[PDB]
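Take a look at this single chain in structure tokens; it is the form deposited in one PDB entry.
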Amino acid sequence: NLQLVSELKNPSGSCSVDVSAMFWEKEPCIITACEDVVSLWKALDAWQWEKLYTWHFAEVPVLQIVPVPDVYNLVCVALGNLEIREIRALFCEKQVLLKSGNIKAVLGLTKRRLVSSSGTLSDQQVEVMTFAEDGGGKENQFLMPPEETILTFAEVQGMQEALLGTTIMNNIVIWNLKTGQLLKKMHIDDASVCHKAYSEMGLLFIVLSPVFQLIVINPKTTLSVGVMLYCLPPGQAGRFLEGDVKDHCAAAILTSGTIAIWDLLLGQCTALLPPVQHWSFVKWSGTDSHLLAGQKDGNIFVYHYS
């Protein structure tokens, strides 16, 4: 379960919107994102965090952090008011504009890659850029577009070089990341947002946001059934608001204001985390076995998960 082990107070002018734990060149750090400022933090002692660097954003507000596997020398953020307008890389005033326009979906991938999609149909583009060791935009690879607006990406764990997307048509698509080709398009019995995709034994396992749901799909027959429902404990309100998965644990913020955790394998709700104002976002740490819970006023609480 969950033991509070450290906390970060970060009171800025603006609303806090995201948090991420990453290694920085290499030591575990936390990145905080508020609408108008992003900061890198390092452990001061067993429970306190100190600010090491800050980046500022006038005009267009920060929407989210975009963690990128295997990258330890920059922080990627997406900026916009509702839809993404920009994607920037932040280096330790040192911002590089990476992508600009009508961006629909974005995700960091293994091996220093970042995939994004823009446009909606015949004009849809899906692009995977690669950062060089020095953080520089090095390559860009276009992926065969489904011509259906992508809602989310998920890198398929257990399948070599496969990327999954969900589309507004309630379809999933799978790309071969080596060739750019679209491998399959599959209707999910008419969710939406995919928090995680796994592959084993020819089967596809996708976790979707009955807070969470796991659907298992046979890509060969296209036949798919819900086969795990993750639901709140006896007498607990209410509904999914936002969430995050790492490995086989899912964490969600509920509209009520409480945080709930599940073991995706065990099927069970392994923890409720009531507010210490309301929880605003939740993120698993990318460095260790910690849960990061944040409030809008800037405070982040860090829990050890056992």
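Think of the rigid core as the biggest set of C-alphas that the two forms share within 1.5 Å after superposition. The numbering used is simple: start at 1 and walk along the sequence shown. Only residues modelled in both forms are compared.
One more form of this protein exists, namely the form deposited with a partner chain bound; it is left out here, but the text below deals with it.
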message: I have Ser6, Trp24 and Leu44 flagged as a candidate spot, so tell me whether each of them has a non-hydrogen atom within 4.5 Å of the partner chain in the bound PDB entry.
response: no
task: Considering the partner chain in the bound PDB entry, find the one stretch among 176-184, 106-114, 140-148, 122-130 with heavy atoms no farther than 4.5 Å from it.
output: 176-184
- line: in the bound PDB entry, the residue from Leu232, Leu208, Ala162, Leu98 with a non-hydrogen atom within 4.5 Å of the partner chain is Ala162
message: Taking the partner chain as it sits in the bound PDB entry, is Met201 near enough to touch it, meaning that at least one heavy atom pair lies within 4.5 angstroms?
response: yes
field: the partner chain contact in the bound PDB entry: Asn218, any heavy atom under 4.5 Å
entry: yes
message: So if I superpose on the core and keep residues found in both forms, which blocks of at least 3 in a row have all their CA atoms moved by 2 Å or more between this form and the one not shown?
response: 225-227
